[PDB]
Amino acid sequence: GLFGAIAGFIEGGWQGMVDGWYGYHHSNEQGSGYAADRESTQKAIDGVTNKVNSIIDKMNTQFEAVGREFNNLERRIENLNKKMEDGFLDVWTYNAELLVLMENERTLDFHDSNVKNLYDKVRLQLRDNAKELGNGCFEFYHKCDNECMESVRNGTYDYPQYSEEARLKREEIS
């Protein structure tokens, strides 16, 4: 995709995540589990649904009567009808096929953008209190527990509360 997340530095999706399109996986002392980001998922679901409906609802269908009303001595006019019908089929076939091709690439790159933005949202909270692993994961420096883990997904991560512990852990490795 255009952005680096899906099939990029986040190599593959999560089969263990059945709720939501995007979310988090945590691993700490208490345990490990998945959690869906309902804000990102519902926003994406609404966006894709609008896209499909817009493609469907924008079609203006009219009452037409398509038949063969010309006899043997009117082949030229029948040929005129054939050229008209074939031209419309060529236009609609080409239009529908490439509209699907163009929108599918944009849809897959839409999911890629959403995952990367969610990754950036977490990265903004953590700052130097955690270390980026480069594969979509953050290694904590300050022993983040279950209540701590929720604050990252909530958006309520208390950075100054853990600055001292992370700093002392950062110097230990160095």
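Sequential numbering from 1, following the sequence displayed.
When the C-alpha B-factors of 84 to 92 and 70 to 78 are averaged, 70 to 78 comes out higher.
Checked against the record, the higher mean CA B factor of 14 to 22 and 157 to 165 lies with 157 to 165. Reading the B-factor column for the CA atoms of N146, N117, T107, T49 in the entry, the top value corresponds to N146. Highest C-alpha temperature factor among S27, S113, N53, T61 per the entry: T61.
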